[PDB]
Ligand SMILES: Nc1ncnc2c1ncn2[C@@H]1O[C@H](COP(=O)(O)OP(=O)(O)OP(=O)(O)O)[C@@H](O)[C@H]1O
Ligand SMILES: [Cl-]
Ligand SMILES: [Mg+2]
């Protein structure tokens, strides 16, 4: 409650604490005093050192296992489960939702031609005339695909993006992280790197984390970048802080990973931890596939193409919904303003695809991913099969030992991150939870409450905000690990001094 005059707010403690929340697609970074953190595409373009090197592009909306022999059938059967769930749920007036045909749409759609809004789109490729060794964030996304740059996303599906080839070693990934993080600090926080010695860092990490990798990051923060101290915490607990819910089931739907777990007073219960290998991006790809069947008028779209991918993400965020009551064929329009093209405006007609795609989050077989580990527990048949979001929430809560805990968890489900930012998502999910949960508890419990915009904030920023909040906490004074303790004892510090059980 200490209100600080503007003449002094650059001198309070939290002005010298940098809060860092990495993501597969977006880095969120800022001073603990910033109201909004900077949001950067967590990506880097690196120049070739020679002529005639093959262009490496990281996968984004594509991933392994989409084209196995079984992929197409699995996709089909999932979409039938989605459809069954859609039909099964009556509309507000109590009637059935009348399905509309993809073919009916296709007929109208591929008579559609784009109009031009402008001769030039108004966007251009990042300029690389001066041969930068690298580019970061949005500048990286806008590198002409024909330029001699490899594109690297240091994080995929919420873990370090290690893979065969250039940029895929642990060391390359760490160097890319450092370059990306350092660039953001100088450019957006406007903090010279030589000054980091006066700063401390709060690093948010996944609920289920990799000890070795966290170790490395901490080493990077303290030793390579020059922060004097650091505090590491799980993004799930931070989410609870940012939202003000001491006890709650937390679900973080990101672009590529979905976390579920139960948190009780700053503690994520290991036995309740689940990580699912899908998120917003999978929905984006699915929506694309559905739209193609409806005669999607942009016919030269490709999933391997960054600009197209931004378009698909955007289309999903504009059209997709989880509202039973929005039905029928609707007339829509969208723009394309890519570099090297005109500003284009497209008419087209969409039906159930707008609802089917987001619901694949509850029927993830729809993604048609075959032969991959899809589910992860904290230190198998259950892993290779993808688990719907609601089943995961339930399963997680069911892994609480106490029943008073469970009462608390069913009663409060917090949903965080961007992945589930669809219209009516809160209601939609609250409805499934009621019907799907154990009926014994459904009675004992006054209501199931799903929270999506707590305090009416941006779900993408809740955890980051919690990180800042964590810096103000009294118990936090004892969490800091400082450079010299690290240089000396290293990993021993985390075992001794981590807020969570290392
Ligand atoms: N209004 C919206 N409607 C639907 N989806 C949205 C909306 N806004 C953002 N998203 C989605 O949120 C996802 C990104 O969420 P977020 O930035 O929390 O992920 P991340 O932290 O980068 O990824 P991860 O947590 O998987 O590592 C993207 O798939 C994006 O399309
Ligand atoms: Cl906000
Ligand atoms: Mg995330």
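Along the chain as shown, the residues are counted starting at 1.
From the backbone N, Cα and C atoms, a Cβ is placed for every residue, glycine too.
If you check Swiss-Prot, you get these features:
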type	residues	note
BINDING	24, 25, 252, 253, 254, 255	ATP binding site
MOD_RES	101	phosphoserine
Other residues, Cβ within 8 Å of 24, 25, 252, 253, 254, 255 Cβ centroid (ATP site): 23, 26, 158, 256, 257, 258, 279, 280, 281, 417, 418, 419
Entry from the binding-site residues list 24, 252, 253 having the most other CB atoms no farther than 10 A: 252
Modelling gap (91 residues), residue 379/residue 380 Cα distance, angstrom: 14
Neighbouring C-beta atoms (10 Å sphere around the C-beta of residue 25 (ATP binding site)): 20
ATP site span - longest C-alpha distance across 24, 25, 252, 253, 254, 255, in Å: 14
Residues among the binding-site residues 25, 254, 255 that border ligand 3 - Cβ under 6 angstroms, in sequence order: 254
Recorded positions near ligand 1 among 101, 253, 254, 255 (Cβ under 6 Å): 254, 255
Cβ packing number for residue 255 (ATP binding site), 10 Å threshold: 26
Which same-chain residues, if any, lie at least 6 apart from residue 254 (ATP binding site) yet have Cβ under 8 Å of it: 23, 24, 25, 158, 279, 280, 417, 418, 419
Helix, strand or coil at residue 252 (ATP binding site) [DSSP, three-state]: strand
Distance from residue 101 (phosphoserine) back to residue 255 (ATP binding site), taken between C-alpha atoms, in Å: 29
Neighbourhood of residue 101 (phosphoserine) by C-beta distance under 8 A, where only residues 6 or more apart in the same chain count: 351
